[PDB]
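Chains as they are written, first to last, in the UniProt record's numbering: chain Z, 518 to 547, 565 to 658; chain R, 32 to 57, 63 to 176, 187 to 395, 408 to 503; chain S, 32 to 58, 63 to 176, 187 to 395, 407 to 502; chain F, 518 to 546, 565 to 658; chain Y, 32 to 57, 63 to 176, 187 to 395, 408 to 502; chain E, 517 to 545, 565 to 658. Note that CB positions come from ideal geometry on N, CA and C, so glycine has one too.
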Ligand SMILES: *[C@@H]1O[C@H](CO)[C@@H](O[C@@H]2O[C@H](CO)[C@@H](O[C@@H]3O[C@H](CO[C@H]4O[C@H](CO)[C@@H](O)[C@H](O)[C@@H]4O)[C@@H](O)[C@H](O[C@H]4O[C@H](CO)[C@@H](O)[C@H](O)[C@@H]4O)[C@@H]3O)[C@H](O)[C@H]2NC(C)=O)[C@H](O)[C@H]1NC(C)=O
Ligand SMILES: *[C@@H]1O[C@H](CO)[C@@H](O[C@@H]2O[C@H](CO)[C@@H](O[C@@H]3O[C@H](CO[C@H]4O[C@H](CO)[C@@H](O)[C@H](O)[C@@H]4O)[C@@H](O)[C@H](O[C@H]4O[C@H](CO)[C@@H](O)[C@H](O)[C@@H]4O)[C@@H]3O)[C@H](O)[C@H]2NC(C)=O)[C@H](O)[C@H]1NC(C)=O
Ligand SMILES: *[C@@H]1O[C@H](CO)[C@@H](O[C@@H]2O[C@H](CO)[C@@H](O)[C@H](O)[C@H]2NC(C)=O)[C@H](O)[C@H]1NC(C)=O
Ligand SMILES: *[C@@H]1O[C@H](CO)[C@@H](O)[C@H](O)[C@H]1NC(C)=O
Ligand SMILES: *[C@@H]1O[C@H](CO)[C@@H](O)[C@H](O)[C@H]1NC(C)=O
Ligand SMILES: *[C@@H]1O[C@H](CO)[C@@H](O)[C@H](O)[C@H]1NC(C)=O
Ligand SMILES: *[C@@H]1O[C@H](CO)[C@@H](O)[C@H](O)[C@H]1NC(C)=O
Ligand SMILES: *[C@@H]1O[C@H](CO)[C@@H](O)[C@H](O)[C@H]1NC(C)=O
Ligand SMILES: *[C@@H]1O[C@H](CO)[C@@H](O)[C@H](O)[C@H]1NC(C)=O
Ligand SMILES: *[C@@H]1O[C@H](CO)[C@@H](O)[C@H](O)[C@H]1NC(C)=O
Ligand SMILES: *[C@@H]1O[C@H](CO)[C@@H](O)[C@H](O)[C@H]1NC(C)=O
Ligand SMILES: *[C@@H]1O[C@H](CO)[C@@H](O)[C@H](O)[C@H]1NC(C)=O
Ligand SMILES: *[C@@H]1O[C@H](CO)[C@@H](O)[C@H](O)[C@H]1NC(C)=O
Ligand SMILES: *[C@@H]1O[C@H](CO)[C@@H](O)[C@H](O)[C@H]1NC(C)=O
Ligand SMILES: *[C@@H]1O[C@H](CO)[C@@H](O)[C@H](O)[C@H]1NC(C)=O
Ligand SMILES: *[C@@H]1O[C@H](CO)[C@@H](O)[C@H](O)[C@H]1NC(C)=O
């Protein structure tokens with residue numbers, strides 16, 4: 518079920534990421567002012583879906599739910615043991631723990647992929 | 032050693048304010069049912085969130101604000117296609133009804149007449165009708191006018207449109223989820239540890255009332271007392287009962303409804319006459335039950351104020367009828383009942411209570427100026443039975459002295475009637491992209 | 032050989048028309068402009084200079100102008116919808132002249148009218164006395190009169206609590222679009238501009254409404270700039286943007302009393318009941334020396350297109366009823382129609409004084425040249441004064457003739473579009489088109 | 518910054534593709568007023584999706600830089616790499632080959648269909 | 032050895048209900069032209085399909101319901117800004133117009149006088165006008191009121207607005223397509239093996255009438271008779287024709303129209319007076335043409351009801367004028383013509411038929427009780443010529459197996475007229491995704 | 517051919533026209568009138584995205600044709616492969632498997648769910 522893994526550890530939660538993805542659109546697909571409000575709700579849901587998909591594309595992650603990238607992890611963002619992070623901590627806790635650094639990480643992911651694509655075009 | 036790894040489909044969320052839509056579970065010409073057209077047929081889902089702790093705050097809950105706004109809209113929209121009564125704002129000639137009137141109703145009904153227009157603009161007819169004194173004011187057999195002729199246009203509500211409350215379920219739009227607090231004794235502001243996710247709320251019946259809360263949910267363990275700031279006076283206290291108090295309301299006479307044409311297809315309904323000796327409207331509560339459910343409130347108030355304090359009840363302070371009395375819609379008519387007999391006792395550590415009531419047809423609804431409505435009279439005898447499931451109380455004075463504290467029934471905003479049901483729900487936005495450290499790297503160069 | 036390569040995110044664009052949205056600085064609290072333009076602007080202009088980019092601009096074909104003139108005329112109506120209708124006021128009036136302590140100039144301008152108005156209750160009537168300007172009242176045939194619009198339209202009273210005072214308005218592009226700004230110091234409104242930058246919103250432009258003379262706009266950089274779609278075509282107007290501000294001081298000298306009655310439930314009508322002291326005409330003052338220097342600067346710029354061996358003569362307007370024959374403006378809620386002939390009398394051949413312009417005031421206003429609707433401007437109580445900066449003029453030519461070396465210019469004006477062009481001439485809207493194709497040496501590997 | 522590369526040469530501008538790609542969609546994220572704004576939002580989305588679909592059709596999905604199997608035709612404007620990439624800007628270039636837009640798009644679509652069929656037949 | 036393969040862009044579809052948009056080929065005061073503002077392409081670009089069989093059912097076609105609903109909406113929007121004639125529901129004093137009247141029309145016109153409002157609220161004016169008796173009822187020189195005073199406000203239709211039908215086209219939104227049946231004998235309820243796909247329908251004129259359908263398409267090879275349930279007397283029979291019948295309708299009097307302000311910019315138009323002797327309205331149908339046409343219909347009715355079956359035609363059974371007579375509008379005027387002269391025959395095995415017509419000005423429409431429209435009078439003389447391209451018949455009797463059946467004209471529901479031009483079209487949704495077996499696997 | 521021009525063609529033959537139909541959903545796209572048209576436009580977008588998401592989840596995001604990791608079941612159909620590709624068209628075929636849609640889709644998601652997991656450990 519949707520968010521069934523919300524209290525699960527980060528590692529365990531990743532076992533079924535798909536349920537959180539299919540329900541971003543299936544829940545959309547399944565008085566004048568009332569009509570306008572409903573259109574705003576539907577349009578916004580689409581716009582948010584697309585934003586996230588574009589970011590993954592820009593960062594070099596396409597149809598995968600999990601992508602490794604080539605940006606090094608900074609100990610200045612977070613410096614903790616991987617065993618705790620993946621086995622004894624949940625994603626809700628984790629998101630709260632590193633919510634400061636999302637803007638910088640995203641910028642770095644974008645730059646790395648941009649350089650990679652140029653290098654690949656030259657190497658062909 | 033390790034790099035950034037991106038995960039999509041991460042089961043996390045943040046607080047958010049969005050637009051919710053309503054849904055009915057399926063009578064004809066029911067306003068609520070007509071509007072909340074979306075089926076609630078799919079099984080309600082509920083996913084318990086094991087080991088999830090979340091913070092709820094009913095006083096900053098925007099589900100309440102939306103429900104309030106949606107309700108106002110339904111009333112506006114429903115009264116949009118109904119007969120306007122502008123042509124009735126004329127001088128009335130009125131005398132008192134003195135025939136077979138009990139003392140309690142002396143001076144309450146007036147027999148008025150006026151020269152009204154009809155379909156053909158050049159013609160007029162004399163109309164006789166009965167009005168309650170609360171709807172009529174004196175100008176200088188005396189001359190009177192309808193009470194809203196100086197402030198507001200009046201629209202007659204359509205007799206075929208029913209506003210009877212039905213359960214309504216509020217549902218999240220895609221991208222959002224509703225979290226429910228299941229803790230047994232939650233006071234409205236703080237962490238909740240037994241939580242789950244649902245796609246819609248349970249049904250909430252949009253009952254509109256003042257002072258006493260009718261037909262709501264009951265508490266499961268005990269009477270629960272909630273407020274924004276407990277020791278701060280001039281704040282409403284919402285009391286949720288675990289056992290209800292039955293209240294029986296009635297209008298005992300047989301009213302005869304007549305009608306005339308004002309214009310082309312524009313009908314006006316009014317009380318023509320009254321059959322039988324005249325008696326006042328009233329509501330009954332069992333006396334013993336009322337005393338038992340008051341004692342429970344008193345125990346809980348002492349937990350907050352001290353075991354050695356004295357709790358004194360008193361009636362409302364004064365002001366407009368809407369807040370000084372208990373208002374409700376019974377059988378389609380608007381009642382304003384005197385609760386002075388309910389909040390009279392002092393608590394120190408087959409009988410019933412009859413509350414007299416008044417009926418009013420010109421209603422300035424939702425604490426607004428302008429947009430007045432006229433409630434058509436209902437033919438016959440009115441009777442309804444309802445459950446008191448809670449109270450709106452205020453504490454006042456703020457004195458120390460003897461430590462006796464005084465509580466009074468309060469009026470309150472209409473928002474408080476929904477806050478009392480929506481206290482267990484919160485709306486959050488889902489955010490699928492997460493980032494975390496790990497030892498993998500890509501191998502394409 | 033070379034191969035086709037596809038790139039996404041290519042920084043190119045094409046001219047486009049799209050709906051813009053209205054934004055404000057989001058700081063009175065009962066102002067139509069502020070109420071409508073609910074979106075706050077970002078305090079950071081976020082301007083990106085486009086180094087080595089040349090772009091052609093055309094102010095006479097600018098869709099931004101057209102939108103500004105569909106927004107103002109839809110905004111004005113939604114603000115008047117929830118207000119008092121004065122159809123109960125369209126009754127026969129019994130009127131005499133106001134002759135007590137009146138200056139010569141006002142002898143026939145103000146009338147004392149009496150009529151039978153409705154009351155809260157439909158069966159009653161009340162006698163009302165009020166004063167009207169003659170421009171609002173016509174004779175029917187102590188004589189009988191009617192309000193001027195009883196034969197064409199309903200009159201809606203503007204709500205006294207709603208201000209229409211212009212505030213700076215920012216027009217902002219929707220996503221996928223960008224606004225290019227022309228920064229060349231002396232751009233004559235058409236053609237290539239080489240100092241170009243990209244912005245998200247325009248600067249704040251105040252939607253000031255006027256006719257022959259512009260008010261409270263921006264100033265020209267360096268010299269006075271004269272812009273016209275076609276100088277040769279005398280059917281077109283010439284927009285002159287002054288490089289310095291010429292100040293005008295306008296007054297409505299009488300101290301009046303505003304009274305009100307109910308027409309019906311919840312509905313109040315406002316009118317002028319009394320005037321205290323001597324009755325005097327409205328006046329606008331402009332410095333005489335400043336005005337003569339201002340025209341001389343305009344004349345030199347006009348000469349660039351006509352010759353320096355000619356005569357430039359100014360003259361007053363003709364035709365156009367009251368609306369294009371006067372300088373119209375709104376100060377304090379009063380609508381002034383000033384006589385500008387005193388400003389355009391000079392012939393140019395190659407403290408101290410003020411030029412005083414008498415003005416008339418009227419309360420029943422037709423606006424945006426519509427004829428099926430009208431507004432009643434409630435009177436404002438007390439003596440009214442305002443000041444303003446001209447920042448530009450609208451001129452037209454009389455026409456040429458056989459063997460004439462004298463160019464004659466008159467003040468005039470067309471629709472409101474001219475006033476909006478004056479501020480929007482430097483902005484252009486384009487659509488961004490990210491897909492590009494080019495040749496290269498990279499072949500897709502298969 | 519967005520479009521700061523507009524005056525840069527085609528080659529130099531190739532490294533700012535992520536700025537323009539992000540700007541549209543992150544930029545995306565009274566009855567008549569409400570309708571007009573919804574229409575504007577819907578169009579921004581429709582345009583985004585058409586470009587993405589088209590890249591998918593050509594086999595360029597997920598990439599900002601894509602090499603294809605359509606050769607450059609001598610019919611289309613023919614100029615040296617030394618001027619196309621090193622001297623000209625994208626604004627100039629787009630005008631130079633504006634005619635051939637539909638021709639190129641049709642060729643790209645056909646090449647991708649044949650390649651996908653060939654992979655399935657080989658499997 | 033086989034695995035499932037996913038394919039996208041697959042040429043398949045499912046039946047669907049969607050909203051079609053209206054488009055029209057490029063005066064400008066016409067309501068249809070104004071509403072269907074979207075231009076059509078000069079080339080419809082129809083694609084034939086080969087080896088495709090589709091099942092059509094016109095009776096459950098939702099293109100018909102949408103067309104009906106959109107028409108109602110357009111009429112209501114068109115009248116939104118027009119004058120509300122509430123000041124006219126006053127007592128009228130009326131006498132009969134007796135001068136210059138033929139026996140026909142002897143009691144049809146009345147000369148009414150009333151006190152109407154003026155620009156100013158303090159004045160009244162006396163107005164004289166001529167009304168048709170169908171719009172005026174006695175109160176009890188007698189006192190009268192307008193027929194709609196006790197049910198609705200009457201809105202005057204704006205004289206500058208034209209309701210003249212212009213062919214319009216219904217077009218599919220993206221994701222949808224319109225399938226067309228090109229079977230020459232198709233009867234509305236079954237498989238059609240000759241089909242094509244279009245995005246827009248042919249232009250259809252939104253002509254509103256009962257009994258005899260005007261200015262529609264003709265059958266190409268033979269008269270086609272269509273019915274949902276042919277043996278059920280509760281259903282209407284829609285008879286198309288393969289040859290049209292020309293009908294000539296006039297209003298012979300030369301009317302002089304006058305107008306008065308009833309308020310601040312609000313004008314009321316009325317009949318003024320009449321030039322020439324008073325004569326009635328009428329329609330001419332050639333008798334020979336009519337009999338040939340009807341004989342063809344009878345032959346085919348026998349194909350459905352038996353070779354020895356006698357087919358008798360008769361007039362309508364009764365009810366409101368709207369449903370008992372041939373209601374139509376031409377020249378902008380509203381006509382109610384008798385069909386008793388067309389259906390008076392029994393079939394066993408230049409002589410025009412003149413149908414008397416009446417004119418009505420206060421029109422209820424679409425059977426909505428609470429609405430009313432006042433059609434302003436038209437100056438001068440009215441003439442129109444139109445094509446009868448089909449009939450709506452309501453057969454009855456035969457309950458005793460008498461071998462004689464009776465066919466009467468009828469049906470006040472406009473939906474049946476819209477059905478007649480949409481029977482060949484169906485709307486489907488395109489479904490591009492699907493899964494099929496193949497000899498391949500996704501290799502890792 | 518053109519859009520749906522392959523409607524009666526064999527399944528194999530029609531497989532080369534997939535891009536015509538694939539592109540048309542987007543390339544082809565009174566207060567209440569405006570609202571109804573706006574609703575229609577929003578809905579077309581939602582359907583487009585729904586199908587694209589399913590293809591993404593199943594591991595076929597960039598292709599018109601994908602072999603998968605789910606075996607063909609005898610539950611779905613027992614007809615010859617040659618009758619399916621050479622004799623029938625897509626309309627006729629689709630009618631034979633009308634209620635297997637939900638099971639196949641669930642199986643396809645599961646194959647992706649397992650297939651992508653191994654890569655993170657390998658990297
Ligand atoms: C708290 O909750 C209670 C319980 O739901 C509410 O009480 C109900 O109130 C409604 C509305 O006033 C009552 O509904 C009326 O019932 C009449 C028939 O009553 C008999 O038949 C029913 C059959 O189901 C029995 O249950 C009932 O006991 C009786 O034997 C109808 O005739 C009424 O119809 C009216 O409106 C329609 C509108 O379309 C008209 O056509 C009709 O002619 C007529 O005017 C109506 O449906 C209901 O009976 C009450 N229930 C009980 C148990 O008494 C309280 O009102 C609620 N509290 C508050 C404050 O709202
Ligand atoms: C079935 O189809 C036929 C057509 O095939 C329809 O009949 C036509 O109906 C239209 C509309 O009523 C008629 O058009 C009108 O003609 C009037 C006379 O025009 C004459 O002069 C012009 C040249 O100027 C010639 O082209 C024309 O043939 C005539 O000789 C006009 O006066 C009318 O104009 C109206 O609007 C203008 C607006 O500016 C006003 O100024 C006018 O005063 C007036 O109010 C209009 O153009 C057409 O003539 C009819 N043809 C036939 C053969 O009858 C049927 O009505 C249709 N059936 C049904 C049921 O709808
Ligand atoms: C409200 O009305 C109900 C009846 O509709 C009352 O309940 C009845 O009371 C009598 C007298 O004690 C009993 O004989 C009946 O058996 C009861 N009937 C039911 C259904 O309970 C009830 O007491 C009234 N409530 C109040 C507060 O007056
Ligand atoms: C990330 O690492 C750099 C050193 O390369 C350091 O300067 C920076 O501060 C780190 N990030 C944070 C959040 O400090
Ligand atoms: C009529 O009733 C009013 C109260 O509404 C009362 O004050 C008054 O004295 C009564 N008059 C008579 C004559 O009964
Ligand atoms: C209960 O009330 C106290 C006192 O106001 C408050 O501190 C606490 O957070 C509330 N909530 C819970 C869950 O205890
Ligand atoms: C008001 O009506 C009365 C009616 O008797 C009339 O005499 C009087 O002159 C009217 N007053 C005005 C100002 O028109
Ligand atoms: C503009 O041209 C100069 C050379 O004259 C060059 O140095 C500069 O980088 C160019 N600007 C851009 C944006 O490429
Ligand atoms: C290349 O261009 C020529 C001239 O326009 C044209 O005839 C030829 O068909 C083109 N090549 C391809 C593969 O279409
Ligand atoms: C296309 O070719 C024409 C000449 O045939 C040329 O003028 C044009 O600039 C080229 N590209 C554009 C801008 O369409
Ligand atoms: C006037 O005409 C009607 C028919 O419409 C008739 O019933 C009535 O008797 C006539 N009255 C006169 C004036 O004879
Ligand atoms: C099918 O219908 C079309 C109509 O466009 C016609 O041209 C064609 O000959 C017909 N084919 C047959 C014989 O079914
Ligand atoms: C039309 O044909 C179908 C057979 O396809 C038949 O079932 C139906 O009854 C027919 N309709 C008529 C003419 O009654
Ligand atoms: C049908 O014709 C007969 C002829 O005698 C007539 O009496 C009857 O009233 C007509 N029916 C209708 C509805 O007009
Ligand atoms: C229809 O079937 C015939 C064989 O009878 C075949 O030749 C033709 O190509 C088919 N049409 C289509 C569009 O596949
Ligand atoms: C279909 O697949 C299921 C596996 O989920 C299997 O149990 C069943 O036997 C299969 N059916 C056939 C007959 O292929």
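C-alpha distance - residue i paired with residue j, whole-angstrom precision
i	j	result
residue 219 of chain R	residue 536 of chain Z	17 Å
DSSP three-state assignment for residue i, whether helix, strand or coil
i	result
residue 90 of chain S	strand
residue 546 of chain Z	helix
residue 398 of chain Y	Residues lacking coordinates in chain Y include everything strictly between 395 and 408, among them residue 398 of chain Y.
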